[PDB]
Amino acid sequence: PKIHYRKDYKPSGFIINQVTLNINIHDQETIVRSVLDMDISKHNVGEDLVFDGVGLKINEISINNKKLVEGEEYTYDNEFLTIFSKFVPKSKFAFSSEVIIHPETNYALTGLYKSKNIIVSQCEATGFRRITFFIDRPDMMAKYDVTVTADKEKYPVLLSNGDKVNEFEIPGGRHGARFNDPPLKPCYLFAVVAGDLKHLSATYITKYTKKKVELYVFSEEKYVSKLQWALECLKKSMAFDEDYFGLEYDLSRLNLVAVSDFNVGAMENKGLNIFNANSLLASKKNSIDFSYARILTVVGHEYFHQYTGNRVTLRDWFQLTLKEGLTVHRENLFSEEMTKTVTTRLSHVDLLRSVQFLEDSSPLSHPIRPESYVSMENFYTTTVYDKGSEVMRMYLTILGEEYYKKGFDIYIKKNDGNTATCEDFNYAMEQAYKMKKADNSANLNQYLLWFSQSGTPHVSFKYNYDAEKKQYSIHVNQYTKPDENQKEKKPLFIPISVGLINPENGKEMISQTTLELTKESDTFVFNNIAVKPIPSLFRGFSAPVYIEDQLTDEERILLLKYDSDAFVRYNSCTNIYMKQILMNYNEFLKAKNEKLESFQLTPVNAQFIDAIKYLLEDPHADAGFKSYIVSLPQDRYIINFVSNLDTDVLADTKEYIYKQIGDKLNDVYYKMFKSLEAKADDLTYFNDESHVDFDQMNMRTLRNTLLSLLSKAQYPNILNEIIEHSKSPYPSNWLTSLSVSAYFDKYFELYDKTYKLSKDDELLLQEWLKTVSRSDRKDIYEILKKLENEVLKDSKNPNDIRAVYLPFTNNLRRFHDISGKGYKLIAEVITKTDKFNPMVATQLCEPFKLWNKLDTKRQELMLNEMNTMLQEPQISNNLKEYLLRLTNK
């Protein structure tokens, strides 16, 4: 079990200058011939030449056209090809090889594989070595000349990186295409695609050089009608990079390709971006609303990599957050600008503070630049991506837009065409910082701790107001809990975007202000503050921290109603809910523990309920924001605040709070559900795939949230509304009708109706599976067995498996059944999946990430299943390493 250490980075003793590939796809095998034009680097010390090569069948290998002989001159152990140094030339030489691989049976979806009838590659991070021999690491930059051949009837469309420079016929019904890609690239950005693909295309003219760029979007023929939105999103992405960052695409063509079988969302292979079909394809008749934001963000994300990852690439994999954190940040800026809805930023914060905060307080906790790894497939985490994105966003908060753009351009201009490290980016930001502060003594050395220190900081506040002096003080403290990565945690550079709200009229009392907290504690004083303010803290969620605002619920209500910042309003609401949840949770827990025959629960604050009503009834307030305020915080957010969390007690706590609020507001909810119908379900543009209205989609979100609240409440005759909702043309609506009908005897009638609506579109059927999996059904285990027998079967498609099982694992009452039967079920699925796709097997482990935060009985139950999976003799490297880390072995 080889551990790679960040501090051990050393350049290779070799250079690979040119790659010339011939990939010949046949019925039962694929033959890969490769010539590498190589050289000896200045770091060489006479070592053996060792290539990565995993699962390759060697036909021959040669150096300078002399066939090498196994045993005497090289050894191969299915992982490394070692050429003994006595046979390695001392000057420029050619290494060639012919190997056989088998994409048809490559169900792990790394390297070269078959997805339905498409041959497709996935090489990030270390998958190129499953295609041919290489020094498979991103600092080995080379030129590529790639020829693909295949049966012409089965595979008429051939694609790789670069320019297609030849197309030719081959005897026996075959054909070939040659692709030359002269710019240097790392091998993880290599890609090849072969299939019977159909496309949409357009021409984009760049903003400054006025270059014509051909844009192509590809899918299997059945789904070509679902490509239109992706093409629009690509045009939008190109314009945003031009408009915000001044960056234009440099190549003549950009291809996007959807495949059905994909481990993640999409991949930024140079000029040949490859997508999970669920993140590229949509139509209004066959997709839920969520698909439209997903395609926009994933198309944008892969496009933004062309600069932040492709043109400026990574020195080594420890720098992953340099391209992923920065590209997620660029993707989020883009998405916020395109949607023009406050819920876009709120949705990102919601994900961070539930999923990523849980990870950062789990045994898996790591900084955004870890110190070591064993599995590279396990290295791709919400910490590296989403905390990384918040760390890259804090630079923008600190610098402001003008100086951020200046620093970002310094980064691009200095590193374009080269590998880079996190320090290179911090250095570029620091030059901007010196400019903004007007002294070359300023530095961002402390900022680097955001890359090395794991765990979530806690920031807490105390206040003081002197009415006679008109002087206001904010006392701030920061603290990070020690963990396995640092025994002593250092103070970070924390930017705190702040406003001060006048509680009498709701107005801003100071200009835009970002406090720079760089010590364990500091006191920030404001003069000429005419009345005691309510502070608006961490506007926009300006640092990835636990905020302890120390405000009363009365103060939080005033911010919720009258503050200018969407996040602080949403967070104030969140904090009111959390105070209520923790109180009622403890009251329910004590009654359970003490076996009480009677007890009292503290009711929900009536003025809070009044404020929710006030906002809901405001016709000028945002429908998406409204949907957030009527929803309790996510379970995975709540769990960060409770030790030994009893999931039944939490389910009872949530049920009480929702019933308390609904008992007061259900008539408001119903009136709104009806009044929103006309605008929410407007069909004017239903047959225009280019017309996407994020505000309208947010009104549907609000309607479907309200319908869920009313159905759980058994609001009088709400089943009539449910049935009518099932007839809506919009899948978001008619799939909602299935889930909310769970509380009625019509559930299985709607189950069958929506199945019939879904079964003939692959992606819609997966959305149907998720809806079933998520259904609040007491017979959910029996239902899951029915899905297994009738729909899922032995599919190896990750989208199918994830759709059936992951939503169910969020069922607080049923997945965490005290028998442990839910833990048993998902562990059986993980073990079964691990036989053919270890990466996806580790994704299915997600519900176990909180195991040591549950009550002691459920801890034991989860740990038992995890130890059972660890005892499987055939466990993958991925799954073993993951579960060993997660269980603190």
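Don't overthink the numbering: it's just position in the shown sequence, from 1.
- In this entry, the higher average B-factor at the C-alpha atoms falls on 481-489, of the pair 456-464 and 481-489.
- Averaged over CA atoms, B-factors in the entry run higher in 745-753 than in the other of 800-808 and 745-753.
- The residue among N720, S542, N698, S354 whose C-alpha atom has the highest B-factor in the PDB entry is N720.
- Which of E169, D565, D145, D261 has the largest Cα B-factor in the deposited entry comes down to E169.
- The PDB entry assigns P156 a C-alpha temperature factor belonging to the highest third of its chain's modelled residues.
- For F673, the recorded CA B-factor ranks within the highest third of the chain. Only modelled residues enter the ranking.
- Per the deposited record, the Cα B-factor of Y303 falls in the lowest third when ranked against the other modelled residues of its chain.
- When the modelled residues of the chain are ordered by C-alpha B-factor, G325 sits in the lowest third.
- Sort the chain's modelled residues by C-alpha temperature factor and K579 lands in the lowest third, per the entry.
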